[PDB]
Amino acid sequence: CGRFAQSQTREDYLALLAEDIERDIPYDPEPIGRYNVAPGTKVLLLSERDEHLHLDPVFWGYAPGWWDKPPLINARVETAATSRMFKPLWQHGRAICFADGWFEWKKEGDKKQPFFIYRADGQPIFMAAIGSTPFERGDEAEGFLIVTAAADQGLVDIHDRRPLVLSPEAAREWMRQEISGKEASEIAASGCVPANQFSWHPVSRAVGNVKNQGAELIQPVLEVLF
């Protein structure tokens, strides 16, 4: 899930999670408009502090000072809660990245065909994230990662891993500062949306170029024309 779409208005995503009384997020009617969100950019990221939900632009990537490789963008659910690298983020840096769906590239010979994957029921996805607090500092090296899970059922035809997508109810619980890392592991297990709830289709190869951010990038295409 090295690219995803976050294109609609803030209210389109937030309405499933909390009413205004629980938010500390200014009203803004403008669609976010990003059909092709990429690592290393700042992404509007949802988290809880001071008993309210906050939305901060946070760098997608995590590279502490001792990390001498490109920033990581994912953390595996199987191990993140106990990892020497990710455990503190799992405990105190949990967050949600909302989106319309995500992209994966299926290997087809020596070519790579992108697909867009989304909920068949038409709800946005609430992707489980972990990251470096305080998020509001706007760090350009230590931001957030999207937690991943194994692909299952039809999804394995496309790619072997997928974002850990949570139900709206589980997403709200995941963010709470009062719940422990162990309770968060329980939420990740119980709230994960199963593979059979997703649909997908091939999309234009144009999504590979981050200059492109338009709505056509999520439209179904004939693979033969690419």
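The first residue of the sequence shown is number 1, and the count goes up from there.
78-86 or 139-147, whichever carries the higher mean Cα B-factor: The deposited B-factors put 78-86 ahead on the C-alpha mean.
Which of 94-102 and 67-75 has higher mean CA B factor, as the PDB entry lists it: Result: 67-75.
From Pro39, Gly181, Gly33, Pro26, residue of greatest CA B-factor: Top of the list by C-alpha B-factor: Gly181.
Among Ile158, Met175, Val165, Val58 - the residue whose C-alpha B-factor is largest in the record: Each of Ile158, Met175, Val165, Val58 was compared by C-alpha B-factor; the highest is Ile158.
Modelled-residue ranking by C-alpha temperature factor, third containing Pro134: It falls in the middle third of the chain.
Position of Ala5 among the chain's modelled residues by C-alpha B-factor, lowest, middle or highest third: As the PDB entry reports it, the C-alpha B-factor of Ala5 lands in the lowest third of its chain.
Among modelled residues of the same chain, the CA temperature factor third for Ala195: Its C-alpha B-factor, which the entry lists for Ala195, ranks in the highest third among residues of this chain.
Entry-reported Cα temperature factor of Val43, expressed as the chain third it lands in: As the PDB entry reports it, the C-alpha B-factor of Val43 lands in the lowest third of its chain.
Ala189 by Cα B-factor - lowest, middle or highest third of the modelled chain: Its C-alpha B-factor belongs to the highest third of this chain's values.
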